[PDB]
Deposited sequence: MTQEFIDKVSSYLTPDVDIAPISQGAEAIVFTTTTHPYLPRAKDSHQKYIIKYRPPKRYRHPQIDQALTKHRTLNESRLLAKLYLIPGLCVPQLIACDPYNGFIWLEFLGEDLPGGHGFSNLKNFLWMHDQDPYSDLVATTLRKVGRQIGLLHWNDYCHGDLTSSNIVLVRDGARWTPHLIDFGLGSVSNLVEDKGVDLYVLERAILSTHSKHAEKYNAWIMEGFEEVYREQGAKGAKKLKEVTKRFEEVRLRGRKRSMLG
């Protein structure tokens, strides 16, 4: 396991497991000469051999879409099930943990009514809106799969983990994505969970409303389906 990976990579590549398929970090770039790269670390995702192929293809497609923030696809070995990705995020100060949306929300949960929090969550909604506007679905849109990248005093939301992603123009899939995130945010039982989701939805809507009349109609469709999904999501 760790054996097969280390043998495949050889002792020249340092690895540290972070999640277990299995995810590692490494400080070694898979092909640029040492010291000719420009990032402290990278991600390696190993899946014994079609999520590997699926995630690689989608990361590449999404990068080309203006405004969409996803990790760089650095290297792909589809024969052995390895992909190397840009490492996004960092450790929040005060030991609040890795800067995914979940930990960020928890960190600010006692005092969330700030420009930072609302603005950041609207940016989260904008990423999802761009995704859906362009007819893509994430497939596992939890608060753990949204990673905040520091930009001075601001945060730049990125989407990660597209193993279950897909191309889809179906409002049903768009509604389910939104519902999955809505429920993940609510599951913390925070008093402010509803507000958080409302800020996210504001950014989502702004994306569609920037698209004139066609965007407004597409928005109504998605928001209608999304309300239906909420209804069908609870016991009746």
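Asker: Please give the gaps, as residue ranges numbered from 1 in the deposited sequence, where no C-alpha is present.
Answerer: Missing CA coords at 1 to 4, 25 to 27, 57 to 70, 258 to 261.
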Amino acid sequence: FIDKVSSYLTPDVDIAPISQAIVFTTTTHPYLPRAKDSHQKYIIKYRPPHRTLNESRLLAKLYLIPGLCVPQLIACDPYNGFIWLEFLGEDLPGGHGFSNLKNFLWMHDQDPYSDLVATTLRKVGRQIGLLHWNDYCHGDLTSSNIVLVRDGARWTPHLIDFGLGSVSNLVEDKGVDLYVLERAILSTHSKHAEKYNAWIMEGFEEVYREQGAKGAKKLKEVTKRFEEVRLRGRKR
From here on, numbers count along this sequence of modelled residues.
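Asker: Over the set of other compared entries for this protein, does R34 lack coordinates in at least a third of them?
Answerer: Yes; at least one third of the other entries leave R34 out.
Asker: Checking the other PDB entries that cover both flanking residues: does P48 lack coordinates in at least a third?
Answerer: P48: unmodelled in a third or more of the comparison entries.
Asker: Should the higher mean CA B-factor in the entry be assigned to 10 to 18 or to 212 to 220?
Answerer: Higher mean C-alpha B-factor in the PDB entry: 212 to 220.
Asker: Of the two stretches 106 to 114 and 69 to 77, which shows the higher Cα B-factor on average in the entry?
Answerer: The recorded data point to 106 to 114.
Asker: Going by the CA temperature factor in the entry, name the top one among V167, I200, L59, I43.
Answerer: The C-alpha B-factor peaks, among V167, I200, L59, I43, at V167.
Asker: Among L32, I185, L178, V207, single out the one with the highest C-alpha B factor in the record, please.
Answerer: Highest CA B-factor of the listed options: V207.
Asker: Going by the entry, which third of its chain does the Cα temperature factor of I160 land in?
Answerer: Answer is lowest: the recorded C-alpha B-factor places it there.
Asker: If you rank every modelled residue in this chain by C-alpha B factor, which third holds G129: lowest, middle or highest?
Answerer: Tercile = lowest for this residue's CA B-factor.
Asker: Within this chain, which third does the Cα B-factor at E86 fall in: lowest, middle or highest?
Answerer: Ranked within chain, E86 CA B lands in the lowest tercile.
Asker: Hey, what third does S38 fall into on Cα B-factor, ranked over its chain?
Answerer: According to the entry, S38 has a C-alpha B-factor in the chain's highest third.
Asker: Lowest, middle or highest third of the chain for the C-alpha temperature factor of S190?
Answerer: Within its chain, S190 is a highest-third residue by C-alpha B-factor, going by the deposited values.
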